[PDB]
There are 2 protein chains.
Amino acid sequence: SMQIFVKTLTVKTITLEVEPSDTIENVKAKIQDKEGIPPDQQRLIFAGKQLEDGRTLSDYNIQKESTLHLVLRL
Amino acid sequence: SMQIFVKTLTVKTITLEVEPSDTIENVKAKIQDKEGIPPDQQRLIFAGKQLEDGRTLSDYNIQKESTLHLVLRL
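Residues numbered from 1 in each chain as written, not as in the entry; some residues may be left out. Chains lettered and ligands numbered in written order. Heavy atoms only, no water. Residues with missing side-chain atoms left out of burial classes, pairs and counts.

- This entry lists X-ray crystallography as its structure determination method and reports a resolution of 2.231 Å.

Below, the structure written as structure tokens:
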């Protein structure tokens, strides 16, 4: 009869396949391919630091099964 | 070649087909059908007010194409 919309906000953990030498920028692109989030809205955080696009995961000693935090720009 | 995890707060907006006389409990039942969230783990919000199970969409003046907000609770 009638349609309503429900906007949901959940805690979600995504898994990515990466190389220690991938840049933060390449990681944001992989997040886009999986979530449809453009890279310019993505803020990636590890151990309290904002991750810089032009650096690699190894630059931040992001190892296997490390967990990044993704926060979106408003 | 490694696996990493990215934890994010993800926004998903769902559409529901309802009648103005549907109870909130009936609406949560439809959310379960489409997202698999049981009604007691659902915190359903309209216009900043938490919606009560025994009340209808009309009671809260929820009209066509209205948007509700949902977060998960234990």
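Read on for the rest.
Things to note about the overall build of chain A
- Looking only at helices and strands, chain A has one helix and four strands in total.
- Scaling as 2.2 N^0.38, a compact globule of 74 residues should have a C-alpha radius of gyration of about 11 Å, whereas chain A reaches 15 Å, well beyond that.
- Principal-axis analysis of the C-alpha atoms places the extent of chain A at approximately 55 × 25 × 25 Å.
- Pairs at least 24 residues apart make up 50% of the contacts formed inside chain A by residues separated by at least 6 positions. (Helix = DSSP H or I, 4+ residues; strand = E, 2+ residues; numbered from the N terminus. Rg over C-alpha atoms; globule rule 2.2 N^0.38 Å. Contact = heavy atoms within 4.5 Å.)

Some points on the sheet that holds strand β4 (residues 67-72) of chain B
- Overall, mixed pairing links the eight strands, which are arranged β3(A)-β2(A)-β4(A)-β1(B)-β1(A)-β4(B)-β2(B)-β3(B) in an open sheet. Bordering the open sheet on either side are β3 (49-50) of chain A together with β3 (49-50) of chain B, each of which pairs with just one other strand.
- Here two bridges tie strand β2 (residues 42-46) of chain B to β3(B), and the two strands are oriented antiparallel to one another. Paired with B:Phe46 across the two strands is B:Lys49, which belongs to β3(B).
- Helix-sheet contacts for helix α1 (residues 24-35) of chain B involve β1 (2-18) of chain A together with β1 (2-18), β2 and β4 of chain B, and the interaxial angle to β1(B) is about 135°. (Pairing = 2+ DSSP bridges. Axes fitted to C-alpha atoms, helices over the stretch in contact; angles between N-to-C directions.)

Description of the relation of the copies chain B and chain A
- Of the transformation superimposing chain B on chain A, the axial component is 0.6 Å and the angular component is 176°, with the fit at an RMSD of 1.7 Å. One copy is carried onto the other by what is essentially a two-fold rotation axis. No C-alpha of chain B lies nearer the rotation axis than that of B:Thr10, which sits 1.8 Å from it.
- When the interface residues of chain B are mapped onto chain A, 91% of them again fall at the interface, so both copies present the same face. (Least-squares fit on C-alpha atoms.)

Description of the interface of chain B and chain A
- Contact residues are listed per partner, giving 35 residues for chain B and 33 residues for chain A.
- Sorting the residues of the side of chain B that touches chain A by element identifies β1, α1 and β4 of chain B as the ones contributing at least two each.
- Counting residues per element, the side of chain B that touches chain A draws most heavily on β1(B), at 17 residues.
- For the side of chain B that touches chain A, the per-class residue count stands at 19 nonpolar, ten polar and six charged.
- For β1(A) and β1(B), the ladder comprises 17 bridges, and the chain directions are antiparallel. What sits directly across from A:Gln3, in β1(B), is B:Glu17. (Nonpolar A, V, L, I, M, F, W, Y, C, P; charged D, E, K, R; others polar.)

Some remarks on helix α1 (residues 24-35) of chain A
Residue and element names in this part refer to chain A.
- Relative to the 16 Å expected for twelve residues at 1.5 Å per residue, α1 spans 16 Å between its end C-alpha atoms, a close match to the ideal helical length.
- Burial in α1 covers these residues: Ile 24, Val 27, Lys 28 and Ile 31. The buried residues of α1 all sit within an arc of 100° when viewed along its axis, so they share a single face.
- Looking at the residues trailing α1, positive phi occurs at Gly 36, about 75°. (Expected span 1.5 Å × (residues − 1). Buried < 20%, exposed > 50% of the residue type's maximum accessible area, 1.4 Å probe, protein only. Arc of directions from axis to C-beta.)

Side note on the pairing of β1(B)
- Of the pairings in the sheet, the one linking strand β4 (residues 67-72) of chain A to β1(B) comprises four bridges and is parallel in character. Within β1(B), the position partnered with A:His69 by the bridge is B:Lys7.

Here we look at a nonpolar patch on the surface
- A contiguous nonpolar surface patch, about 370 Å² in accessible area, is contributed by A:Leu9, A:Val11, B:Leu9 and B:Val11.
- Those elements that provide at least two residues to the nonpolar patch are β1 of chain A together with β1 of chain B.
- Along the polypeptide, A:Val11 turns up in strand β1.
- When its relative accessible area of 62% is taken as the criterion, A:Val11 is described as exposed. (Patch = residues over 30% accessible without salt bridge, like charges linked within 9 Å, V, L, I, M, F, W, Y side chains within 5 Å. Areas by Shrake-Rupley, 256 points an atom, 1.4 Å probe, with all protein chains shown as cover. Salt bridge = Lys/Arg side-chain N within 4 Å of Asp/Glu carboxyl O.)

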